[PDB]
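We begin with a single chain expressed as structure tokens, specifically the form deposited in one PDB entry.
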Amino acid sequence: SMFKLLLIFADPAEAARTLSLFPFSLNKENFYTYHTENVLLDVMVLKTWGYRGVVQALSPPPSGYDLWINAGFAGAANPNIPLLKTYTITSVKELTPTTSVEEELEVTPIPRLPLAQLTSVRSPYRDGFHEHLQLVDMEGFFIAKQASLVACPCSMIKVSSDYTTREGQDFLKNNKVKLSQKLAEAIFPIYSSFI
């Protein structure tokens, strides 16, 4: 009767505009809560990027949510992907050598968002395009692993923020507010569908 939603952001800049949507109360550092009659909306901001940040924040993982959403910026490893476009993820993997048996996790799509697949890396991915790759981040695979430990559905909202090239970073640098606002505008309709 009260939907309990946990939002997870890798970085305060990515979380900024979502945190402006609601008069969140700051519960402990990097953890915000907005508690209404129909919806509990908690926002976790990791302290650092990647597996390390996920581990520090989500082990043991919290039990009791109805859904987790990892929302963040993602690199585009295909130049046909436009930037500033918000996707929902259908499955996520970790980047491994091509010979390695790939481990792919199914993810719960968010309605009304275009679909994409996600690969998480442990070091910045910059050797350009190619080839079984669409969107690239550093947290999503590991968040999904932690969610599976509590049998909690996991969705991801990823906004294309840069191409995975050395030169592609300039766009991220000039557009952080707009990218953060894209995540916010995809999250509000979710909250509102329970309110």
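Start at 1 and count along the sequence shown; that's the residue number.
As listed in the deposited structure, the average C-alpha B-factor of 111-119 and of 69-77 is greater for 111-119. The PDB entry records a higher mean C-alpha B factor for 49-57 than for its counterpart among 49-57 and 154-162.
Residue-level inspection of the entry shows that, of 134, 148, 169, 30, 169 has the top Cα B-factor. The residue among 26, 43, 138, 40 whose C-alpha carries the highest B-factor in the deposited model is 26.
Remark: residue 101 belongs to the highest third of its chain, ranked by C-alpha B-factor as recorded. The entry lists a Cα temperature factor for residue 8 that places it in the lowest third of the chain's modelled residues.
One more form of this protein, solved in complex with a small molecule, exists but is not displayed; see below.
Looking at residue 162, you'd find a heavy atom of it within 4.5 angstroms of the small molecule in the deposited bound form. With a 4.5 Å cutoff on heavy atoms, residue 79 does not count as touching the small molecule in the deposited bound form; it lies far away. Although the partner is absent here, residue 105 lies well away from the small molecule in the deposited bound form, with no heavy atom inside 4.5 Å. Taking the partner from elsewhere, residue 47 is found to have every heavy atom lying beyond 4.5 Å of the small molecule in the deposited bound form. The putative spot formed by 31, 42 and 68 is not touched by the small molecule in the deposited bound form; no residue has a non-hydrogen atom within 4.5 angstroms of it. For the options 116, 83, 121, 110, the one in contact with the small molecule in the deposited bound form, meaning a heavy atom within 4.5 Å, is 121.
In summary, the region of this chain contacting the small molecule in the deposited bound form, judged by heavy atoms within 4.5 Å and restricted to 149-157, 34-42, 47-55, 130-138, corresponds to 130-138.
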